[PDB]
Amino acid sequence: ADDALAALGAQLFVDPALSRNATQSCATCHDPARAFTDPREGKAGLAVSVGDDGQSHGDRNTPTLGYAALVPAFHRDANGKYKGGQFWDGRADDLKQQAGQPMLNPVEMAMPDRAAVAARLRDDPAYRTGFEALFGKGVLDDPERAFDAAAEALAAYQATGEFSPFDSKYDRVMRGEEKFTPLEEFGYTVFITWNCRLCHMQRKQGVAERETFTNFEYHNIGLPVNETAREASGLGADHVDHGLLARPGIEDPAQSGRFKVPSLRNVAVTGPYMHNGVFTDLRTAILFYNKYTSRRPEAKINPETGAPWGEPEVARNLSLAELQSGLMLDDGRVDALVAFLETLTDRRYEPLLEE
């Protein structure tokens, strides 16, 4: 049952037959060999992914599916903060709500409709067997049921331990099986005493049982537009990615430019970084936080371009209270954070940590 629904999602996950031109599966963009991110080069490098038509580029970076199963379903807590959901703007409630979307998205897998997806699932005799044993006879014959069921199987599959093994060095160190290097221990201490912990730790206080290094909130850290990605996606020079404000039902102009705090698990092997893949190196994503703290000129310059970071895409509702910590990370502390962040790499991806 829980084994079998997952096992069926396993098959769907890797099946290109779910794209219009049959060139693309979830695995194409969410590649298991790269922590479920897209290794492919598009017109904006690795910033954005190319869909099934071989032409269309998305406007956001393909995030890991690792640990996504730990994110609460989208909600507004009592301190009026939105929390959870899927996609960078949390516009899907959960994994099951999200799973069908790549399928029908012309920028992505590009099936024209649910019916075209159902027809695909019938041509495979193993899906007839597989889906019928989980969902009943002629489930594949009903495009709504078939598409819901694929979404369900795909959500179940992403919730397996395989997607979230918690077997990183950080996990091993927290279970006592090993210790951090001195650099990692210093990284760790910085992380939990500086402003990172205000956003990239599950809880405000106490200890989390399955830490995934995000509080699932929505924050505008004041990132600039990624010009090449934005040009590739064809959304226009005047387009603004409003983040959470784009979730249908969110009207609050204070949510404009706020994006979901990513899990920093596997952060090391899933560059480039941020919602528009704007920064290539892990170090650059960290140095970005200094523009709010440092007094030095260099703090205002993106080390990857030598030019200013750029005007925020959305220059309002920045988390200034959290970002303007009054303290600058020096290079020692940055190195230490990279080391710490590398300990968040799942065991099977420790080989990629070589680069």
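In this text, residue numbers run from 1 along the sequence as written.
- When 250-258 is weighed against 169-177, 169-177 comes out higher, by mean CA B-factor as recorded in the entry.
- Higher mean CA B-factor, judged across 114-122 and 152-160 from the recorded values: 114-122.
- Among 238, 217, 94, 211, the highest C-alpha B-factor recorded in the PDB entry belongs to 238.
- Between the residues 283, 83, 137, 200, the entry's highest C-alpha temperature factor is the one at 137.
- Ranked against the other modelled residues of its chain, the C-alpha B-factor of residue 227 as given in the entry falls in the middle third.
- For residue 336, the recorded CA temperature factor ranks within the middle third of the chain's modelled residues.
- Among the modelled residues of the chain, residue 47 sits in the middle third by CA temperature factor in this PDB entry.
- Compared with the other modelled residues of the chain, the Cα B-factor recorded for residue 290 ranks in the lowest third.
- Among the modelled residues of its chain, residue 79 has a C-alpha B-factor that falls in the highest third according to the deposited record.
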